[PDB]
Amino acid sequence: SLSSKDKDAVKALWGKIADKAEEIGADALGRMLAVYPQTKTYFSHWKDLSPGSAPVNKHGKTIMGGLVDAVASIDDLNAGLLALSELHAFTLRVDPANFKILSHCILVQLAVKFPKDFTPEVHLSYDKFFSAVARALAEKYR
């Protein structure tokens, strides 16, 4: 469970990154595909997996929108992400081992641009948030 402290810390990061959000989504997704190429099997439609390819760009926007939604729904992530959980379980069948990988890539992408926001105690708040997001997305698997 996220404390009030964690929630404030997460929402404030999210406000801070707003301007650069679509860039962040595109680059993090680029990182996941190149750094953890096991994830490529889910996106074999896209010929160009470079960040700045139109499809990586467009889907990066979508992931960040999903995360903005999670932020809006931070008090009950399970309820707030039920549709997306269902989608990742049954329409796609994403291996939930992969959720942690995306999370790490978002954190890394953010650290390259906003390094001052990455004090250990804030990173602790962000990691709890992404861990709860992953758990919420995993809810509908079984």
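Each residue number is its position in the shown sequence, starting from 1.
Higher mean CA temperature factor between 12-20 and 121-129: 12-20, per the PDB entry. Taking the PDB entry as given, 92-100 carries the higher mean Cα B factor of the two stretches 60-68 and 92-100.
Ranking 82, 35, 111, 49 by Cα temperature factor from the entry places 49 first. The deposited CA B-factor of residue 40 belongs to the lowest third of values across its chain. When the modelled residues of the chain are ordered by their C-alpha B factor, residue 27 lands in the highest third.
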